[PDB]
Structures are given as C-alpha cells and as structure tokens.
Amino acid sequence: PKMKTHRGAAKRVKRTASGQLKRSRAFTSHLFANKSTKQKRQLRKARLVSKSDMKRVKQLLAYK
Amino acid sequence: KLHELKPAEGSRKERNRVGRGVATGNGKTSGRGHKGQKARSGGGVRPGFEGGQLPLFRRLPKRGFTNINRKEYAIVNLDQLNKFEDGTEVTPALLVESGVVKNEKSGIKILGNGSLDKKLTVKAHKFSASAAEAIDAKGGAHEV
Amino acid sequence: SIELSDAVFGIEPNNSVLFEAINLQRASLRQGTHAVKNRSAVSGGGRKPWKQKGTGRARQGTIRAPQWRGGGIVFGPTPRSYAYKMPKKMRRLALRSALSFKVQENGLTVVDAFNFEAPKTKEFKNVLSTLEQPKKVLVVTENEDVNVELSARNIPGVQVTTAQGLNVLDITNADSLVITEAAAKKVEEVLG
RNA sequence: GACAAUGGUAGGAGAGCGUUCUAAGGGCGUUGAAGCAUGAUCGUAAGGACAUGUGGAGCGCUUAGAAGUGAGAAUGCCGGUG
RNA sequence: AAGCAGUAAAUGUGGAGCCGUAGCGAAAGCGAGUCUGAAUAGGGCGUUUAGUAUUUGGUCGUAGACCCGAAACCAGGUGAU
RNA sequence: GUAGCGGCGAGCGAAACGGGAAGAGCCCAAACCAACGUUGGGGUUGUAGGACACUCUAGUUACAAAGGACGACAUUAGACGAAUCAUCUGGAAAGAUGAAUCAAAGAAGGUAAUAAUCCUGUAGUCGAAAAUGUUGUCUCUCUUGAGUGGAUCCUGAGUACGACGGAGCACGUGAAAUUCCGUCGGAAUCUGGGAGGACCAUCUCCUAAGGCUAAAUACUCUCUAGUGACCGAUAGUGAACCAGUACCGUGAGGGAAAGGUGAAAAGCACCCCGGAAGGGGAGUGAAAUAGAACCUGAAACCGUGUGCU
C-alpha cells in the first residue's frame, strides 16, 4: 500500500528549496557551566544534513 | 500493418533473470555474496538503522510547532498580468477563468516581480509594497 | 468532388503512438482468470513426516513442500488485469495517424447512402464486387444502420462499425475503407 | 588500411541462443506431421538443417506480445533398475 | 479519480482532486527577498525562477517475498482395553 | 500517510468540506374528554409544538392498520427452419484438380482423413393441459382538510450529572471535551435544558432519558446460459477409474496408486507340440512387434553373434 513516513524524523528537519534538509544542533539541553562562551554562541546556528547520512535516510522522508 | 510492428528505438529492454547458470554472471549466489545477514531471504536491516549505535534522528532535538489557523495565499506576479489587454477590469473571478490561478487557497496576492507596462485595473485580497507603486506608476488603481 | 480538411487524413503518421495504442487495445482484451495452489492451499500436510534426527533421512517438515510430488507451487500465475491508460491527447493522434496511413495508400473511397430495404447478402456481395474491393474491408455508417448491419455480417473479412465507435485495431487490420459522405463529415467534425 | 588492447573469484555493464502460448501475414502434411534411432553436415557459443528406418495426424516460417521459460549436486520427492 | 453510456469491449463524458509556476521564518508575518540581529553590518537559506501524464529497465518499502530445515508457545478436542 | 497518538521508540492513524450511487417518512407517554385503575377519542414539537378557548373541509398490505376477489409477460416439455456434383491417391475423402448454390444461417460437435451446402444444429419464427413468480385496470378494507391569541396546565427521574476503579473514541488519563459499564451521592421544568475539544462569559445551533423503516453495500453449497494469450494424467480438486475408497490408528485423525486396440469386435474357424500356460501356420483387418499386461516406445540394466586387439 502507501509508504509510511518516519514521524520522528518529520519533527526534526525541514526541506530547503534545492531538496536539502535543514537540521538543528545537539549538545544544547543542559550542563551549560561546562561549556565555553564561544561554544554556546556557535551551537545556536542551524546546519545541513551531510551527504553521508542523506544516502541512508532518503526513503524515510519522501512525502516531506 | 499488424504483421510488421516496430516499437520505438531505445524504448524496450529485456529483464534480468538470476540463478540460470554461471555463464550469465548471476548463477549461484545471484549477486548476494557469501554467508551474511543480507544473503538470506527476508531482507537485511531497516532503512533507518537496526541495532548498533544511536540513530541520527534520535540524537537531534525537535524544533518548532504548527499553527492551526494558518492562511496560504495564491501569488500572482506583475509579469503574469500582461496577458490581459490594457484598460480592463481584473477580478479573482477572471484570474481563475483565464488560467492564471488554478487553486485559490485563501485569496489572491499580487507580488511585484517583473514589469507591468500596462494600464489595467486589478482588485485582490492583499497587495505587496512593491506591487502597489508599480500598478500606480503608469496609471490605474487597486481595490481591496 | 468534396474535400476534407488536412488535419485529418492529411498528416504524417506517428508510428510510436500507433504501436502503443495497438498494444494497449490488445492487452485490454485479455482476462487472466488463472490461478494455482500454494503451500497452504493444498489439502493436508499438517504433521511432520518424521523426527528431526535419529535416522538417516533428509529433514522434512510437510508432505506438501515444493520439492515433493503433489505439493504447492511457489511463484505461479495469479489473477490480475493487464489494462492501462494513456493521455487523452495521445489517443486522438493514434487514430488520425491510422486514417492518414489508410488514405495515403489509396485505400479510402466515399459512397452515397445505403438505401437497403431488406437484408440481402447477395446484393452486398454484388455491390462489393462492383466497387472492386479487397477481401478485407471496413465500412462505417453515420448511425447504427440495422439493415446494413444484418447483411454483410456473414461474409468473411467484412466488418461494420459506426462513425463514433471507430477503433484503432480495426483501421489497421482492414485492407480498404468505405465511408458514406455524411459519416465522413461526422468523423471530420467530431474527431479532431 | 595503420596503430593499440583482449588471464581472471565476489561483483557492475552490453549483445545474443533455445522452449510454451497469442495476433497478423504466408506455407507444409496419408504421394505421410509431431515424436523416436543412426549418420563421415553447418555456424565464433548457447545451437540449425538434410537423408534413411519406425510412426500414424498434426506442424513449422517472419514481425511483434506474454511468461509456471533452460537442472549434476539441497544425507531433495516419486517410479524403474543394478 | 469514482460514476454514466458502450460488447466483461478502449473512448466519449466526468475538473472533486494532484504536481509545477516563489521563497524565508518555530510562529504572527513579509515577499525576490526573508530569518537572526540595536543595525544586509555580517552570516544562513532563496532569486536554476521547465515542468507534467503514461510506460520498458535497475533498486527500496509494506505483504511469507529466492527455496528447504528446528528445540519450542497458545487454543479447541481424543485417550486408564 | 495530512492533523494527531507514541518506553515520542517499534509503530498506530482520522474526520468535516468537495465529487458520485441511492433516496419516502411516520407512530407512541402527558395535559383534556364519559364509563367502570381499564378500554375508546385527542395529541407528537425548535421559524416552539400541543391541550383550552377561538367564526372554521389521498384504500398506499416494504414502515406509516390489517384478511381477500379482477388479465398480460417469465420459467418448468418442444416444432419448423437455405444451399454440391464429378476425377486422382487411398481401407476409407471432408484433401487436391474443375465446375455450381445458399447466407438475418461462415458458432460448435460428429461423420473410415482437414466439410458454409452428409447428420445433430445455428440466424429467424411459432407453441403450454397444469403448477409456480412478477406486473397493471377495476373491486375490497381505512380515512378531519386549514391560520391569528399563548390566563393556566403538559412535553419521557433514581434520568442527566459528579466522585472512585475500568473500557471505547486514530487519541497509551494526558490540559481529554464527546459516550458505556460496576459502586455511592444526586438536579431544573421554556426566564427550561444540551453542544460548539479543560473551564467561565457573550453569540450560534439543537431539543436526550420510548419504538419501527425499502434503495444504493457484502458473500456463494446450489439452478440455467457463456468465456479464457488457464492444466492436459508426477500437471489440473486429495479424487478424469464406483476416492474420502484401499490402507494405517483404541480414538479424535491421516490418506494413496491406477486413462488410450481398431473406423467397425469384424476378439484368431481350422491344423501341429501339452496335463495346461505358451508358441508355429491358416484366417479377419490398411497395418496382429495394433492380440485385450493391446497408440508411439528414450535411458539405466540384462542376453546372442561378429571386424580389430
């Protein structure tokens, strides 16, 4: 039948204009006294899913 | 003629059959390998991952939410309005008929991308700042 | 005498769409209605023929396994359908190309109305002989002509169709085309 | 014509042989079809013909389409015989 | 597309619907430019702004899914010749 | 595969709108009226209906109330129904060579071989004692058709709802509305009551706690008529043969193998070897190595004789 979509993946990425995926950053939940000021400033900027990971989870997000 | 039928060149290809002797190239193992999980009938691992280390979509956090009362507008640019002759009235009842708007979601919004070079009158739900002056630069008026 | 517009009967045939339409019509005439029995469908074979080990014999689980004699068939034929569809604009081209191919080889003649009063096969045979037509011929009518249809339906190689229901297989199969002027005009108008 | 290349497991790519059925066209057959046996025949390969014996009623060829399409191994299944 | 007509027929009608023509932002929202930011000051993602319907071939997912092979588990019954 | 649910993991997964098939709606409890709690009338609702007082006239037997009498099609047997003669091979002609005919009939099967014109049939038409279905034109059985005013009265009670423990809604008690069960408490009476995803206020929609209703939808043990780029005896139902049979088990239960003479039995009169089985002649047949262990008859394997060693 119809192919199902990974609901957990749909809550973490968004598709860009050229078909790429825009993701968020990790290591930002708590324990902020153990990280430098420069580290925390640069962890607030979004990134892109790498090409190595894209080849593995491309079928998961096909309706997105 | 029914007794000379020729399909288009380069439009048909014969399929591949495995396990039909060693001269074909896919005889014994049928392109699978030797003695693995992926060499058995029943597949391998899930498309995401199976076992192993933490998956990528498990070590990243969720972001944002969604709005129940979201409105989406069908956008028509200035260049797309050159079809209508100058000095005529343009209505959402006319843009749909003329073939410019296929699906009117919540309204018509005029975006000023291009060049008008016309003398027409258009009414729509919303207008952009750039499209407001361009319509009135050469003459005309807009009504909401 | 009369002249038809060159959009129909006056264009270069397109062999790709014609072949696709012929294949489509041939495949849509096919019903599967074929099936076999798999491992679960065959009667019996619930127990185990013998224990896993203890005697020198091959290990077996059921008496209805594929390698046995009388067991189920794996990956046989299954009932399904073979029909498929093609865009509407491409179907019109597949018919005009057939008509143009028919008219290029001088295989299209126009006659007046058929004022048949009674169904007579001999009269139709004579009028075919007078027109000097081959063994295979297709004739169209403006509507369903009952008297014309009752005759000519027992002569081999003779088939009758209406103006609206023109087929792609029929035009290609027939050797010659005989059309009435009213039906020719209706075909020129209704068909693009 | 002139030159250059052509050992190969896992595996990737391309061109082909053969079997069963269908559409159209065109053929063979009691003056003998398929099948079966023999022969010192033909093509680069899978393979294709011809003649002779048996056989007694169906079968090839060309272009397309479809698939229950190819067997030496599984202490494989059934029958026959050492 | 479903439906109606038509030979279980391949063909007409049927424009609910779907994809594309414009992106950015969690969102309000703005719009060839948007977000962050006091500040296009810099930076991220966009301005390619040609696709779409059907079908041959390759691969993946859901269904037993290339085939044969367990020690075991649950439910309903038959047995103290 | 959207919104959502989810050790937010594996995974589960909607509705309204819009396009179509089909498409009729009614009857009860109460206020009121006369008998002896009973039976009749009245009355069925949200643009609020009715009792009460006011001038006040379509049989629907598929729901809406329940039993029967009036002619036309359809099944359960059938009947008519066009057209060919020669020669060659052959045991046999339907094949080949030549000349004709029919066709609203060139579907199919059988005939000593491959037949539109040899047979049974097909296209078309006709036919029904008697039984059974559907239908439609009269019989027959019921029948009170309309609006302004609202004093007063009636409109479903251990019901709605709440707490505790569960279940079901796509929704795992979660901010969980909407609805069911068990226990315990427990309301109001058109200024009434419920809903619009906790809850309150304003607006909008509706009127629970009584009961029936055809059509579009799903399925095939059977009856008639048909089809297939479905099998052709290790295949197709386990079963083409008198198969759920042989046979195996205390029992529940399991479960096979086996089709073919020839067109026609015309199935070998008679002679010879025996005790018989079998064989050699003769005869029937186109063919008897087609002799009923019978169409063709591969391989493994078992025997006889020969050229070279």
# chains A, B, ... in the order shown; residues from 1 in each chain; ligands from 1
>>> residues_around(residues="residue A:58", least_positions_apart="3", cutoff="12 Å", atoms="only C-alpha atoms (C1' of nucleotides)", output="PyMOL selection string")
(chain A and resi 5-6+9+15+19-21+49-55+61-64) or (chain B and resi 47-48) or (chain E and resi 60-61)
>>> residues_around(residues="stretch 33-49 of chain D", least_positions_apart="3", cutoff="7 Å", atoms="only C-alpha atoms (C1' of nucleotides)", output="VMD selection string")
chain D and resid 17 29 57 to 59
>>> write_last_selection(atoms="N, CA, C and O atoms (P, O5', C5', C4', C3', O3' and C1' of nucleotides)", output="PDB file, in the first residue's frame")
ATOM      1  P     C D  17      19.181 -14.576 -31.088  1.00  0.00           P
ATOM      2  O5'   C D  17      19.558 -15.999 -30.482  1.00  0.00           O
ATOM      3  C5'   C D  17      20.505 -16.835 -31.127  1.00  0.00           C
ATOM      4  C4'   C D  17      20.628 -18.169 -30.437  1.00  0.00           C
ATOM      5  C3'   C D  17      19.339 -18.951 -30.258  1.00  0.00           C
ATOM      6  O3'   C D  17      18.951 -19.648 -31.429  1.00  0.00           O
ATOM      7  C1'   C D  17      20.565 -18.969 -28.235  1.00  0.00           C
ATOM      8  P     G D  29       2.975 -30.696 -49.140  1.00  0.00           P
ATOM      9  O5'   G D  29       2.442 -31.649 -47.982  1.00  0.00           O
ATOM     10  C5'   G D  29       3.328 -32.519 -47.296  1.00  0.00           C
ATOM     11  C4'   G D  29       2.639 -33.234 -46.160  1.00  0.00           C
ATOM     12  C3'   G D  29       1.321 -33.907 -46.492  1.00  0.00           C
ATOM     13  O3'   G D  29       1.479 -35.142 -47.165  1.00  0.00           O
ATOM     14  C1'   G D  29       1.106 -32.721 -44.467  1.00  0.00           C
ATOM     15  P     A D  57      -3.506 -41.178 -35.806  1.00  0.00           P
ATOM     16  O5'   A D  57      -3.512 -39.595 -35.972  1.00  0.00           O
ATOM     17  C5'   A D  57      -2.994 -38.742 -34.955  1.00  0.00           C
ATOM     18  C4'   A D  57      -2.851 -37.317 -35.435  1.00  0.00           C
ATOM     19  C3'   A D  57      -4.096 -36.713 -36.085  1.00  0.00           C
ATOM     20  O3'   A D  57      -4.128 -35.311 -35.822  1.00  0.00           O
ATOM     21  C1'   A D  57      -2.322 -36.700 -37.633  1.00  0.00           C
ATOM     22  P     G D  58      -4.815 -34.740 -34.486  1.00  0.00           P
ATOM     23  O5'   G D  58      -3.617 -34.025 -33.717  1.00  0.00           O
ATOM     24  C5'   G D  58      -3.129 -32.756 -34.132  1.00  0.00           C
ATOM     25  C4'   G D  58      -1.787 -32.874 -34.809  1.00  0.00           C
ATOM     26  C3'   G D  58      -0.939 -31.613 -34.845  1.00  0.00           C
ATOM     27  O3'   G D  58      -0.260 -31.342 -33.632  1.00  0.00           O
ATOM     28  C1'   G D  58      -0.982 -32.558 -36.990  1.00  0.00           C
ATOM     29  P     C D  59       0.082 -29.823 -33.230  1.00  0.00           P
ATOM     30  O5'   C D  59       1.235 -29.402 -34.246  1.00  0.00           O
ATOM     31  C5'   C D  59       2.495 -30.053 -34.222  1.00  0.00           C
ATOM     32  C4'   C D  59       3.355 -29.673 -35.402  1.00  0.00           C
ATOM     33  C3'   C D  59       3.880 -28.248 -35.432  1.00  0.00           C
ATOM     34  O3'   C D  59       4.994 -28.047 -34.579  1.00  0.00           O
ATOM     35  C1'   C D  59       3.075 -28.843 -37.575  1.00  0.00           C
TER      36        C D  59
END
>>> closest_atom_pairs(of="chain F", to="chain A", cutoff="12 Å", atoms="only C-alpha atoms (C1' of nucleotides)", output="CSV")
residue,atom,partner,partner_atom,distance
F:1,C1',A:4,CA,5.8
F:2,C1',A:63,CA,10.2
F:4,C1',A:7,CA,10.7
F:5,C1',A:7,CA,11.0
F:6,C1',A:7,CA,10.0
F:8,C1',A:8,CA,7.3
F:9,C1',A:8,CA,9.4
F:10,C1',A:6,CA,11.2
F:11,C1',A:6,CA,9.7
F:12,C1',A:4,CA,11.1
F:13,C1',A:4,CA,10.6
>>> interface_residues(of="chain C", to="chain E", cutoff="7 Å", atoms="only C-alpha atoms (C1' of nucleotides)", output="count of residues only")
6
>>> residues_around(residues="stretch 44-46 of chain A", least_positions_apart="5", cutoff="8 Å", atoms="only C-alpha atoms (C1' of nucleotides)", output="PyMOL selection string")
(chain A and resi 22-25) or (chain E and resi 44)
>>> interface_residues(of="chain A", to="chain B", cutoff="6 Å", atoms="only C-alpha atoms", output="JSON, numbers by chain")
{"A": [9, 11, 12, 26, 57]}
>>> residues_around(residues="residue C:181", least_positions_apart="4", cutoff="8 Å", atoms="only C-alpha atoms (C1' of nucleotides)", output="list in words")
residues 110, 111, 112, 113 and 185 of chain C
>>> interface_residues(of="chain B", to="chain C", cutoff="9 Å", atoms="only C-alpha atoms", output="JSON, numbers by chain")
{"B": [1, 2, 5, 6, 7, 8]}
>>> interface_residues(of="chain E", to="chain B", cutoff="12 Å", atoms="only C-alpha atoms (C1' of nucleotides)", output="NGL selection string")
:E and (15 or 17-23 or 25-33 or 47 or 49 or 55-58 or 60-61 or 63-68)
>>> select_by_dssp(residues="chain A", states="alpha helix (DSSP H)", output="PyMOL selection string")
chain A and resi 7-10+37-42+51-54
>>> residues_around(residues="residue C:32", least_positions_apart="5", cutoff="7 Å", atoms="only C-alpha atoms (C1' of nucleotides)", output="compact mmCIF listing (two decimals) with N, CA, C and O atoms, in the first residue's frame")
# COMPACT_ATOMS: atom_id res chain seq x y z
N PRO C 79 -4.40 -14.28 -10.51
CA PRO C 79 -5.40 -13.49 -11.25
C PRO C 79 -5.14 -12.00 -11.09
O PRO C 79 -4.93 -11.51 -9.98
N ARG C 80 -5.17 -11.28 -12.21
CA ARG C 80 -4.94 -9.84 -12.22
C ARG C 80 -5.51 -9.27 -13.51
O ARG C 80 -6.26 -9.95 -14.23
N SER C 81 -5.15 -8.03 -13.81
CA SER C 81 -5.58 -7.36 -15.03
C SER C 81 -4.36 -6.77 -15.73
O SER C 81 -3.34 -6.49 -15.10
>>> residues_around(residues="residue C:150", least_positions_apart="3", cutoff="6 Å", atoms="only C-alpha atoms (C1' of nucleotides)", output="MDAnalysis selection string")
(chainID C and resid 119 147) or (chainID F and resid 104)
>>> closest_atom_pairs(of="chain D", to="chain B", cutoff="7 Å", atoms="only C-alpha atoms (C1' of nucleotides)", output="CSV")
residue,atom,partner,partner_atom,distance
D:10,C1',B:33,CA,6.5
D:24,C1',B:3,CA,4.7
D:25,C1',B:3,CA,5.9
D:63,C1',B:4,CA,5.0
D:64,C1',B:5,CA,5.5
>>> decode(residues="stretch 40-55 of chain D", atoms="N, CA, C and O atoms (P, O5', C5', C4', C3', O3' and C1' of nucleotides)", output="PDB file, in the first residue's frame")
ATOM      1  P     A D  40      29.247 -39.673 -38.041  1.00  0.00           P
ATOM      2  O5'   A D  40      30.618 -39.468 -38.823  1.00  0.00           O
ATOM      3  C5'   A D  40      31.315 -38.227 -38.773  1.00  0.00           C
ATOM      4  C4'   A D  40      31.810 -37.820 -40.139  1.00  0.00           C
ATOM      5  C3'   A D  40      30.753 -37.211 -41.055  1.00  0.00           C
ATOM      6  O3'   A D  40      31.362 -36.253 -41.923  1.00  0.00           O
ATOM      7  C1'   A D  40      31.572 -39.216 -42.013  1.00  0.00           C
ATOM      8  P     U D  41      31.461 -34.706 -41.491  1.00  0.00           P
ATOM      9  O5'   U D  41      30.077 -34.073 -41.964  1.00  0.00           O
ATOM     10  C5'   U D  41      29.898 -33.612 -43.295  1.00  0.00           C
ATOM     11  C4'   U D  41      28.837 -32.541 -43.377  1.00  0.00           C
ATOM     12  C3'   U D  41      29.154 -31.228 -42.677  1.00  0.00           C
ATOM     13  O3'   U D  41      29.966 -30.374 -43.465  1.00  0.00           O
ATOM     14  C1'   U D  41      26.956 -31.915 -42.126  1.00  0.00           C
ATOM     15  P     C D  42      30.849 -29.223 -42.777  1.00  0.00           P
ATOM     16  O5'   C D  42      29.786 -28.113 -42.351  1.00  0.00           O
ATOM     17  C5'   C D  42      29.164 -27.285 -43.322  1.00  0.00           C
ATOM     18  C4'   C D  42      28.228 -26.285 -42.688  1.00  0.00           C
ATOM     19  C3'   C D  42      28.828 -25.382 -41.623  1.00  0.00           C
ATOM     20  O3'   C D  42      29.557 -24.292 -42.157  1.00  0.00           O
ATOM     21  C1'   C D  42      26.770 -26.243 -40.852  1.00  0.00           C
ATOM     22  P     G D  43      30.849 -23.736 -41.380  1.00  0.00           P
ATOM     23  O5'   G D  43      30.248 -22.771 -40.265  1.00  0.00           O
ATOM     24  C5'   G D  43      29.703 -21.507 -40.611  1.00  0.00           C
ATOM     25  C4'   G D  43      29.051 -20.836 -39.427  1.00  0.00           C
ATOM     26  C3'   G D  43      29.939 -20.586 -38.218  1.00  0.00           C
ATOM     27  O3'   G D  43      30.761 -19.441 -38.353  1.00  0.00           O
ATOM     28  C1'   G D  43      27.907 -21.537 -37.504  1.00  0.00           C
ATOM     29  P     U D  44      32.309 -19.504 -37.926  1.00  0.00           P
ATOM     30  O5'   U D  44      32.271 -19.725 -36.350  1.00  0.00           O
ATOM     31  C5'   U D  44      33.417 -20.195 -35.655  1.00  0.00           C
ATOM     32  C4'   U D  44      33.443 -19.713 -34.226  1.00  0.00           C
ATOM     33  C3'   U D  44      32.253 -20.101 -33.364  1.00  0.00           C
ATOM     34  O3'   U D  44      32.367 -21.416 -32.846  1.00  0.00           O
ATOM     35  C1'   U D  44      32.745 -17.803 -33.061  1.00  0.00           C
ATOM     36  P     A D  45      31.065 -22.333 -32.650  1.00  0.00           P
ATOM     37  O5'   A D  45      30.501 -21.920 -31.217  1.00  0.00           O
ATOM     38  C5'   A D  45      30.998 -22.511 -30.023  1.00  0.00           C
ATOM     39  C4'   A D  45      30.106 -22.189 -28.850  1.00  0.00           C
ATOM     40  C3'   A D  45      28.644 -22.580 -29.024  1.00  0.00           C
ATOM     41  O3'   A D  45      28.402 -23.908 -28.586  1.00  0.00           O
ATOM     42  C1'   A D  45      28.789 -20.305 -28.370  1.00  0.00           C
ATOM     43  P     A D  46      27.131 -24.736 -29.110  1.00  0.00           P
ATOM     44  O5'   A D  46      25.948 -24.295 -28.137  1.00  0.00           O
ATOM     45  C5'   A D  46      26.010 -24.534 -26.737  1.00  0.00           C
ATOM     46  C4'   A D  46      25.066 -23.624 -25.993  1.00  0.00           C
ATOM     47  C3'   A D  46      23.599 -23.749 -26.380  1.00  0.00           C
ATOM     48  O3'   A D  46      22.934 -24.771 -25.659  1.00  0.00           O
ATOM     49  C1'   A D  46      24.244 -21.472 -26.441  1.00  0.00           C
ATOM     50  P     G D  47      21.976 -25.813 -26.418  1.00  0.00           P
ATOM     51  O5'   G D  47      21.121 -24.898 -27.401  1.00  0.00           O
ATOM     52  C5'   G D  47      20.549 -25.433 -28.584  1.00  0.00           C
ATOM     53  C4'   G D  47      20.787 -24.526 -29.763  1.00  0.00           C
ATOM     54  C3'   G D  47      20.354 -25.063 -31.117  1.00  0.00           C
ATOM     55  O3'   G D  47      18.966 -24.921 -31.359  1.00  0.00           O
ATOM     56  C1'   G D  47      22.537 -24.209 -31.292  1.00  0.00           C
ATOM     57  P     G D  48      18.176 -26.047 -32.188  1.00  0.00           P
ATOM     58  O5'   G D  48      18.512 -25.710 -33.706  1.00  0.00           O
ATOM     59  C5'   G D  48      18.264 -24.417 -34.235  1.00  0.00           C
ATOM     60  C4'   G D  48      18.671 -24.326 -35.682  1.00  0.00           C
ATOM     61  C3'   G D  48      18.111 -25.396 -36.601  1.00  0.00           C
ATOM     62  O3'   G D  48      16.774 -25.142 -36.992  1.00  0.00           O
ATOM     63  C1'   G D  48      20.419 -25.131 -37.020  1.00  0.00           C
ATOM     64  P     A D  49      15.841 -26.345 -37.500  1.00  0.00           P
ATOM     65  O5'   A D  49      16.122 -26.401 -39.067  1.00  0.00           O
ATOM     66  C5'   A D  49      16.246 -27.637 -39.752  1.00  0.00           C
ATOM     67  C4'   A D  49      17.216 -27.526 -40.902  1.00  0.00           C
ATOM     68  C3'   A D  49      17.230 -28.686 -41.884  1.00  0.00           C
ATOM     69  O3'   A D  49      16.193 -28.597 -42.846  1.00  0.00           O
ATOM     70  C1'   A D  49      19.449 -28.122 -41.295  1.00  0.00           C
ATOM     71  P     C D  50      15.258 -29.864 -43.153  1.00  0.00           P
ATOM     72  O5'   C D  50      16.184 -30.834 -44.016  1.00  0.00           O
ATOM     73  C5'   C D  50      16.671 -30.448 -45.293  1.00  0.00           C
ATOM     74  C4'   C D  50      17.662 -31.455 -45.822  1.00  0.00           C
ATOM     75  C3'   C D  50      17.191 -32.901 -45.821  1.00  0.00           C
ATOM     76  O3'   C D  50      16.424 -33.226 -46.968  1.00  0.00           O
ATOM     77  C1'   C D  50      19.342 -32.770 -44.842  1.00  0.00           C
ATOM     78  P     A D  51      15.336 -34.406 -46.913  1.00  0.00           P
ATOM     79  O5'   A D  51      16.205 -35.740 -46.890  1.00  0.00           O
ATOM     80  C5'   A D  51      16.974 -36.136 -48.017  1.00  0.00           C
ATOM     81  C4'   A D  51      17.779 -37.379 -47.727  1.00  0.00           C
ATOM     82  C3'   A D  51      17.001 -38.562 -47.171  1.00  0.00           C
ATOM     83  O3'   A D  51      16.343 -39.310 -48.180  1.00  0.00           O
ATOM     84  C1'   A D  51      18.947 -38.223 -45.876  1.00  0.00           C
ATOM     85  P     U D  52      14.959 -40.063 -47.864  1.00  0.00           P
ATOM     86  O5'   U D  52      15.396 -41.334 -47.009  1.00  0.00           O
ATOM     87  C5'   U D  52      16.262 -42.316 -47.560  1.00  0.00           C
ATOM     88  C4'   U D  52      16.822 -43.228 -46.497  1.00  0.00           C
ATOM     89  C3'   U D  52      15.806 -44.020 -45.694  1.00  0.00           C
ATOM     90  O3'   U D  52      15.338 -45.169 -46.377  1.00  0.00           O
ATOM     91  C1'   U D  52      17.391 -43.058 -44.229  1.00  0.00           C
ATOM     92  P     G D  53      13.886 -45.768 -46.046  1.00  0.00           P
ATOM     93  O5'   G D  53      14.156 -46.781 -44.846  1.00  0.00           O
ATOM     94  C5'   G D  53      13.078 -47.331 -44.107  1.00  0.00           C
ATOM     95  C4'   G D  53      13.507 -47.724 -42.717  1.00  0.00           C
ATOM     96  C3'   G D  53      12.418 -47.684 -41.657  1.00  0.00           C
ATOM     97  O3'   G D  53      11.614 -48.853 -41.655  1.00  0.00           O
ATOM     98  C1'   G D  53      14.355 -46.596 -40.846  1.00  0.00           C
ATOM     99  P     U D  54      10.042 -48.761 -41.970  1.00  0.00           P
ATOM    100  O5'   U D  54       9.374 -48.512 -40.545  1.00  0.00           O
ATOM    101  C5'   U D  54       9.610 -49.399 -39.462  1.00  0.00           C
ATOM    102  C4'   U D  54       9.461 -48.702 -38.134  1.00  0.00           C
ATOM    103  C3'   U D  54       8.104 -48.070 -37.858  1.00  0.00           C
ATOM    104  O3'   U D  54       7.176 -49.013 -37.346  1.00  0.00           O
ATOM    105  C1'   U D  54       9.852 -46.565 -37.267  1.00  0.00           C
ATOM    106  P     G D  55       5.601 -48.854 -37.615  1.00  0.00           P
ATOM    107  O5'   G D  55       5.261 -47.377 -37.124  1.00  0.00           O
ATOM    108  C5'   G D  55       5.043 -47.083 -35.752  1.00  0.00           C
ATOM    109  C4'   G D  55       4.727 -45.621 -35.556  1.00  0.00           C
ATOM    110  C3'   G D  55       3.537 -45.097 -36.344  1.00  0.00           C
ATOM    111  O3'   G D  55       2.320 -45.300 -35.648  1.00  0.00           O
ATOM    112  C1'   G D  55       5.386 -43.615 -36.568  1.00  0.00           C
TER     113        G D  55
END
